[PDB]
Amino acid sequence: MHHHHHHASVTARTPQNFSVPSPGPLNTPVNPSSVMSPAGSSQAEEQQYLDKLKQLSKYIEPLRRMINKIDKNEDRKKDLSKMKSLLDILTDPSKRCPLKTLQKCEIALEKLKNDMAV
Numbered sequence: 006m007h008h009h010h011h012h013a014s015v016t017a018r019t020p021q022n023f024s025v026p027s028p029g030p031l032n033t034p035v036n037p038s039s040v041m042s043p044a045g046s047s048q049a050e051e052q053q054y055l056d057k058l059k060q061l062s063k064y065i066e067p068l069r070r071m072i073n074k075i076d077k078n079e080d081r082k083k084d085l086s087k088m089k090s091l092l093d094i095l096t097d098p099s100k101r102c103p104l105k106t107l108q109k110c111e112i113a114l115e116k117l118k119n120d121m122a123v
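Residue numbers (our numbering): 6 to 123.
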């Protein structure tokens with residue numbers, strides 16, 4: 006008789022950002038008319054789309070620090086809305102992040118970097 010698992014209990018299930026479910030292989034359609042990938046060339050686009058969410062998912066933090074050093078400048082008071090926005094965007098809890106926001110955050114944060122580095 007082992008002795009170690011005596012403190013927890015299986016009561017209800019509730020995942021949190023990739024915990025229980027893990028959609029990997031896409032070879033089982035369910036929606037009507039699904040021929041947007043006959044040759045099977047849509048994995049790198051489905052992977053980068055999610056990989057891009059994770060790409061800026063890192064820059065989403067540095068923004069918080071910027072929001073302070075930015076509001077700190079009366080001349081760059083306008084940029085304050087850029088960091089707070091980018092951060093408020095990339096933090097989308099609906100898991101609905103279109104390449105438009107990702108690409109914009111990357112392009113925006115990039116243009117804001119050139120002005121931050123003197």
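Ideal Cβ positions, reconstructed from N, Cα and C, are used throughout, including at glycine.
1) Check this for me: beta carbons of residue 117 and residue 82, under 7 angstroms apart or not?
2) Where does residue 30 sit, in a helix, a strand or coil, going by DSSP?
3) In three-state terms, what does DSSP make of residue 66?
4) Taking residue 102 as the reference, give the member of 17, 57 and 21 with the closest Cα.
5) Where do the ends of the alpha helix (DSSP H) carrying residue 97 lie?
6) Excluding the five sequence neighbours on either side, which residues of its own chain have a C-beta within less than 7 angstroms of the C-beta of residue 95, listed in chain order?
7) Please report the distance separating the alpha-carbon of residue 33 from that of residue 27.
8) Taking the continuous alpha helix (DSSP H) assigned at residue 121, which residues delimit it?
9) What separation, rounded to the nearest whole angstrom, lies between the Cα atoms of residue 19 and residue 93?
Taking the coordinates as given:
1) By 1-based counting over the sequence shown, the position of residue 117 is 112. By 1-based counting over the sequence shown, the position of residue 82 is 77. Result no, Cβ atoms of residue 117 and residue 82 do not sit closer than 7 angstroms.
2) Position 25 of the sequence shown, counting from 1, holds the residue named residue 30. Secondary structure at residue 30: coil, using DSSP grouped into helix, strand and coil.
3) Start at 1 with the first residue of the sequence shown, and residue 66 comes out as number 61. Residue state, collapsed to three classes: coil.
4) Here the question's residue 102 lines up with position 97 in the sequence shown. When C-alpha distances from residue 102 are compared across 17, 57 and 21, the shortest belongs to 57.
5) Position 92 of the sequence shown, counted from the first residue, corresponds to residue 97. In the DSSP annotation of this structure, residue 97 is not part of any alpha helix (DSSP H), being labelled neither H nor E.
6) Start at 1 with the first residue of the sequence shown, and residue 95 comes out as number 90. Taking residue 95 as the centre and dropping the five residues before and after it, the same chain places the C-beta of 61, 62, 65 and 110 closer than 7 angstroms to its C-beta, in chain order.
7) By 1-based counting over the sequence shown, the position of residue 33 is 28. By 1-based counting over the sequence shown, the position of residue 27 is 22. In a straight line, the C-alpha of residue 33 is about 14 angstroms away from that of residue 27.
8) In the sequence shown, residue 121 corresponds to position 116, counting from 1. 104–121 is the span of the alpha helix (DSSP H), which, as asked, contains residue 121.
9) Residue mapping note: residue 19 aligns to position 14 of the sequence shown, counting from 1. Residue mapping note: residue 93 aligns to position 88 of the sequence shown, counting from 1. A direct Cα-to-Cα measurement between residue 19 and residue 93 gives close to 25 angstroms.
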